[PDB]
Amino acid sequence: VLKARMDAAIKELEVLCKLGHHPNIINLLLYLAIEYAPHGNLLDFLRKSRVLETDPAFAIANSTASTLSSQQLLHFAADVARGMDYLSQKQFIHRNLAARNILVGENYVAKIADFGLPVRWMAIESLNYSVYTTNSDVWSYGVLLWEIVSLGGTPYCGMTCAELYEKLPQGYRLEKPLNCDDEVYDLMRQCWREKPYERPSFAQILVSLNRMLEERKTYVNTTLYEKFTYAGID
């Protein structure tokens, strides 16, 4: 996979053409050209934004942990929910929703992609019965939402993949992030309901995120404080 020249990334062929020119789904431009994303994947981008570790002098002076704002973060979440809602409409099940699979493209538009078992992202029913649906994709979207809020924190940091197989069926879920408004965590919690039919639709998630984005009130705290610590990686 190499970058060439319009900007392209030369290496699923049907998938990229058929799932149209939707702005929130990576597009197609043997050889095959994919629309180039200049900011790479969302996961590394969220981690690069952790300016307390990257530029402590700038961070401390600006009393911020992120070069990204709450408005910008929920916009990435809103983009993924929108692209996903087009996928559900097309009756397409992703099976691999993770921040590492979202590309931050031109104009900072979040684009859904699928490139390389992702236990930490999978719904209990996928882990135990290999049953994949839009409902299980909603579960993995919640873990993705959690990654956006935690600025690319590893989900279930400290717990092994094996551990999760026993801990999730008994109702264990990701804890409320410190920097997270209750309305955002409530939305993540719905994405992880044991009953697949109880989880929201992508269109509901989108509408709920648009409402927050329209508010002019901060839902994700990026402001620095004394006992401020980031969500762990590895």
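Quick note: we count residues from 1 along the sequence shown, nothing fancier.
Deposited sequence between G116 and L117: 10 or more residues lack coordinates. Coordinates are given for every residue of the deposited sequence from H22 through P23, so that no gap is recorded there. The mean Cα B-factor in the deposited entry runs higher for 162-170 than for the other of 162-170 and 49-57.
Higher mean CA temperature factor between 201-209 and 33-41: 33-41, per the PDB entry. Among the modelled residues of its chain, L68 has a C-alpha B-factor that falls in the lowest third, as given in the PDB entry.
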